[PDB]
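Undergrad: To start, I am sharing the structure in question, which I have written as structure tokens.
Read-outs throughout are calculated quantities, based only on the coordinates presented, and are distinct from any laboratory measurement. Cβ coordinates were reconstructed from backbone atoms using ideal geometry, including for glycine residues, and neighbour counts include every protein chain displayed.
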Amino acid sequence: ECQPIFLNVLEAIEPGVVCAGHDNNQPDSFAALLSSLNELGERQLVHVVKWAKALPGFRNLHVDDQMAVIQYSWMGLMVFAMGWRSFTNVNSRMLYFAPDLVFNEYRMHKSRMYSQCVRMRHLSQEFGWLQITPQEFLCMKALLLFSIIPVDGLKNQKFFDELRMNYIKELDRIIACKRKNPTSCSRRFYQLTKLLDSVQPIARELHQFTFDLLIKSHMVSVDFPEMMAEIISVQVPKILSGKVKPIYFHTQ
Amino acid sequence: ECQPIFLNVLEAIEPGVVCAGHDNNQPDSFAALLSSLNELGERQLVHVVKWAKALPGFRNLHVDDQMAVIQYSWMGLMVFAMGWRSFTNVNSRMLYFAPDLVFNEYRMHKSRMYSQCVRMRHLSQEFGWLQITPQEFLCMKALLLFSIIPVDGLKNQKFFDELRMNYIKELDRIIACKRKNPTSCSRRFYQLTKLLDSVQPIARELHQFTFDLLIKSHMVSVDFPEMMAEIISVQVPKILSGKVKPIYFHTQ
Amino acid sequence: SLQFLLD
Amino acid sequence: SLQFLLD
Ligand SMILES: C[C@]12CCC(=O)C[C@@H]1CC[C@@H]1[C@@H]2CC[C@]2(C)[C@@H](O)CC[C@@H]12
Ligand SMILES: C[C@]12CCC(=O)C[C@@H]1CC[C@@H]1[C@@H]2CC[C@]2(C)[C@@H](O)CC[C@@H]12
Ligand SMILES: [Cl-]
Ligand SMILES: [Cl-]
Ligand SMILES: [Zn+2]
Ligand SMILES: [Zn+2]
């Protein structure tokens with residue numbers, strides 16, 4: 001009864017590896033590194049939509065809420081995923097955005113988002129420090145889909161609530177599996193959700209940053225693909241004004 | 001006292017990601033897929049030498065034994081590593097040799113080593129089935145360095161024996177950590193070493209195959225880089241004649 | 001378009 | 001050469 005019920009689906013629908021298409025022969029300029037990150041984002045977003053569609057229960061939400069939750073959570077989802085890829089592939093020494101777009105310190109400085117990169121590297125190192133297992137990683141990630149909503153609620157709020165709880169309960173089955181002592185599960189859950197909450201202020205600093213960059217992007221030779229431009233121009237101001245907020249597991 | 005003693009070093013010296021340099025615009029021919037795998041091998045071998053040098057205790061072996069153990073174990077080491085990369089990056093759906101050289105079923109058929117690929121895919125799926133943690137993976141891998149030697153022994157046999165045991169004992173600290181029940185450690189160790197032993201017959205089928213291919217490689221347009229050619233022409237016949245054999249954890 | 005992909 | 005890399 002703490003054998004997982006969505007875990008096999010989570011493994012079968014995990015997206016594969018997406019390349020940025022970055023030409024590594026080129027200078028580490030701000031224009032070149034950001035153009036590739038935005039391109040990598042647009043490509044990842046196609047994967048996130050197809051994954052979210054296949055996620056158990058997601059297609060029960062109102063079609064509009066499907067759209068709102070993908071639009072508000074994509075940043076945290078892709079940040080958390082990259083952290084994990086950074087940890088598995090290079091042991092957190094660098095931000096492994098894609099195999100053809102790996103950020104060392106020099107790229108972190110040239111991207112003009114050095115302190116945000118440092119924060120991502122730290123999140124990446126937690127996977128090592130907390131010994132996050134690959135099963136815990138896939139259930140934690142699905143939780144991040146359900147972790148940011150309008151202050152006023154969605155069309156079918158009570159349904160979103162119910163799905164969120166089912167993902168909290170699945171992460172709990174994955175915890176309780178290889179643990180025998182009654183109290184140990186809630187202690188592991190607490191360390192895991194502290195980790196999920198520290199994704200939220202990173203995703204907020206990256207929202208501010210990409211919004212600020214999109215409205216000046218012509219001035220600095222940074223290319224935003226159309227889907228990304230659209231979601232950021234309309235949706236991100238809602239997150240910046242506090243119309244849309246994260247659901248924290250703990251007071252902050 | 002079951003806090004790991006080489007684990008932090010194992011994390012710090014883990015090699016990063018190595019590309020094959022395969023031109024994916026080209027046909028899945030036997031000549032093109034094998035030329036890239038041999039190229040990927042030569043590149044990986046530079047990483048394996050630098051890793052093995054940095055591994056605690058390895059540089060205490062006679063310099064000649066250093067050479068013999070790298071020369072006999074490289075196949076199992078790179079097979080096991082790929083399995084893990086296949087599991088973390090694509091969930092075992094494909095053999096993730098390098099980011100620019102990923103084998104789907106069609107490449108497995110065109111490489112003329114379809115049954116050996118199936119066996120690697122299976123080993124990859126065990127990382128999922130046995131829920132191998134990333135810490136267990138790095139200590140299991142170091143064990144594979146110490147798992148094939150001449151029947152007659154090496155120059156400093158008793159020293160190799162002592163280092164092997166220290167790596168068995170480190171994998172045991174990583175097991176015993178998050179386990180409270182006395183009997184559970186040896187049961188996990190047993191499942192882990194069964195897994196390490198199933199690397200040995202795969203590495204032997206790939207030794208036969210690459211030896212058979214190297215001596216006809218001019219006939220079939222397959223390029224072997226010089227270091228690889230050298231190790232395979234001289235060393236692999238010693239493994240095929242039974243002068244050099246695996247150390248099995250269990251009777252076979 | 002997001003909306004076309006969701007479809 | 002293996003040997004040169006080991007050195
Ligand atoms: C989500 C992405 C792209 C995918 C990824 O691995 C994480 C990464 C985190 C920073 C994002 C980037 C997409 C493009 C953004 C939003 C840039 O405009 C600024 C910061 C970037
Ligand atoms: C070790 C390599 C190359 C590195 C790797 O990820 C595993 C893989 C397993 C099969 C090997 C290949 C190197 C070249 C070989 C030896 C070919 O000649 C035939 C099978 C290949
Ligand atoms: Cl416990
Ligand atoms: Cl236990
Ligand atoms: Zn419990
Ligand atoms: Zn024990």
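Undergrad: Residues of the range B:100-115 with the amide nitrogen closer than 18 Å to a label point 7 Å from the Cα of A:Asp100, along Cα-to-Cβ, please.
TA: B:100-103
Undergrad: Hey, another quick one. Per residue of A:91-99, how many C-beta atoms from partner chains lie within 10 Å of its own C-beta, taken as a mean? Walk me through the numbers on the way to the answer.
TA: Values: counts 9, 1, 4, 1, 0, 2, 0, 1, 6.
The per-residue average across the peptide is 3.
Undergrad: Another question, then. At B:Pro201, label 7 Å along Cα→Cβ: distances to the other copies, nm, ascending?
TA: Those separations, rounded to one decimal, come out as 5.5 nm.
Undergrad: Placing +1 at every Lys and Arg Cβ and -1 at every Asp and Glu Cβ, with all other atoms neutral, what dipole size does the range A:79-148 have around its Cα centre, in debye to the nearest 20?
TA: In debye, rounded to 20, the range A:79-148 gives about 240.
Undergrad: Can you give the Kirkwood hydrodynamic radius for the protein assembly as shown, in Å, rounded to one decimal and based on Cα pairs?
TA: For the protein assembly as shown, inverting the mean 1/r across all distinct Cα pairs yields 24.9 Å.
Undergrad: A follow-up question, please. Given Cβ point charges of +1 (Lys, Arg) and -1 (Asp, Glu) and nothing else, what value in debye, to the nearest 20, does the dipole of the range B:112-218 about its Cα centre take?
TA: Result for the range B:112-218 is approximately 320 debye, rounded to the nearest 20.
Undergrad: Which FRET efficiency value, to the nearest 0.05, is calculated for A:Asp23 and A:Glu230 with the Förster distance at 22 angstrom and r the Cβ-Cβ distance?
TA: Working: r = 26 Å, r/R0 = 1.17.
Given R0 = 22 Å and the Cβ-Cβ separation, E is 0.30.
Undergrad: I've got another one for you. Quick check: the distance between the Cα centres of the range B:218-252 and the range A:4-30, to the nearest angstrom?
TA: Measuring centre to centre over Cα atoms gives 35 Å.
Undergrad: Here's a follow-up. Please list 3J(HN,Hα) in residue order for the range A:95-102, calculated via the Karplus relation 6.51 cos²θ - 1.76 cosθ + 1.60 where θ = phi - 60°; whole Hz, with x for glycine and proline.
TA: 8, 8, 4, 7, x, 9, 8, 10
Undergrad: Please compute the net charge surrounding A:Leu163, taking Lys and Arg as +1 and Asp and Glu as -1 over other residues with Cβ under 12 Å from its Cβ.
TA: Here the count lands on 0.
Undergrad: Also, quick follow-up: For B:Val234, place a label point 7 Å out from Cα along the Cα→Cβ vector, do the same in each other copy, and report the separations in nm, one decimal, smallest first.
TA: When each copy's label point is compared with this one, the spacings are 6.7 nm.
Undergrad: Can you compute the modelled spin-label distance between A:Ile168 and A:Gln3, with each label point 7 Å from Cα toward Cβ, in nm?
TA: 2.6 nm
Undergrad: Can you bin every Cα-Cα distance in the range A:201-252 into 10 Å intervals starting at zero and give me the percent of pairs per bin, rounded to whole numbers?
TA: P(r) over the range A:201-252, rounded to whole percents: 22, 49, 21, 7, 0.
Undergrad: Any idea what the A:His109 label distances to the other copies are, label 7 Å down the Cα→Cβ vector, nm, shortest first?
TA: Here A:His109 shows inter-copy label distances of 5.2 nm.
Undergrad: Would you mind checking the range B:149-165 for residues with the amide N under 14 Å from a putative spin-label position 7 Å along Cα→C-beta of B:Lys243?
TA: Within reach of a label on B:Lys243: B:149-154.
Undergrad: Which value, in debye to the nearest 20, describes the size of the charge dipole of chain A about its Cα centre when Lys and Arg Cβ atoms bear +1, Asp and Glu Cβ atoms bear -1, and nothing else is charged? Working shown, then result.
TA: Details: 28 positive and 24 negative charges, 161 e Å.
Computed charge dipole of chain A: roughly 780 debye.
Undergrad: Same structure, new question: Measure of size requested: the Rg and Dmax of chain B, with Cα atoms as the atom set and Å as the unit; please supply both.
TA: For chain B, the Cα radius of gyration and maximum Cα-Cα distance read 18.0, 59 Å.
Undergrad: B:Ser186 to B:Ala12: extension gain in nm, 0.36 nm per residue of separation minus the Cα-Cα distance?
TA: Numbers: separation 174, 0.36 × 174 = 62.64 nm, distance 2.75 nm.
Roughly 59.9 nm would be gained on extension.
Undergrad: Can you list the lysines whose alpha carbon is less than 29 Å from that of A:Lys53, not counting same-chain residues fewer than 8 positions off?
TA: In chain and number order, the partners are A:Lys141, A:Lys155, A:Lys158, A:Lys169, A:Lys194, A:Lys238, A:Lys243, A:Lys245.
Undergrad: Tell me, how many Å apart are the Cα centres for the range A:105-181 and for the range B:37-68?
TA: If we compute the Cα centre of each part, the gap is 38 Å.
Undergrad: Still on this model: Quick one: what are the phi-derived ³J(HN,Hα) couplings along the range B:5-10, Karplus 6.51/-1.76/1.60 with θ = phi - 60°, whole Hz, x for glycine and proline?
TA: The phi angles translate into 10, 10, 4, 4, 5, 4 Hz.
Undergrad: To continue, here is another question. For A:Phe211 and B:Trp129, what is the calculated FRET efficiency with R₀ set at 51 Å and r taken between the beta-carbons, to the nearest 0.05?
TA: So the FRET efficiency works out to roughly 0.70.
Undergrad: Just need the relative contact order of chain A here, percent rounded to a whole number, with Cα pairs under 8 Å and 6+ apart. Before the final figure, lay out each step's value.
TA: Numbers: 291 pairs, mean separation 69.8, N = 252.
Relative CO of chain A lands at 28 percent.
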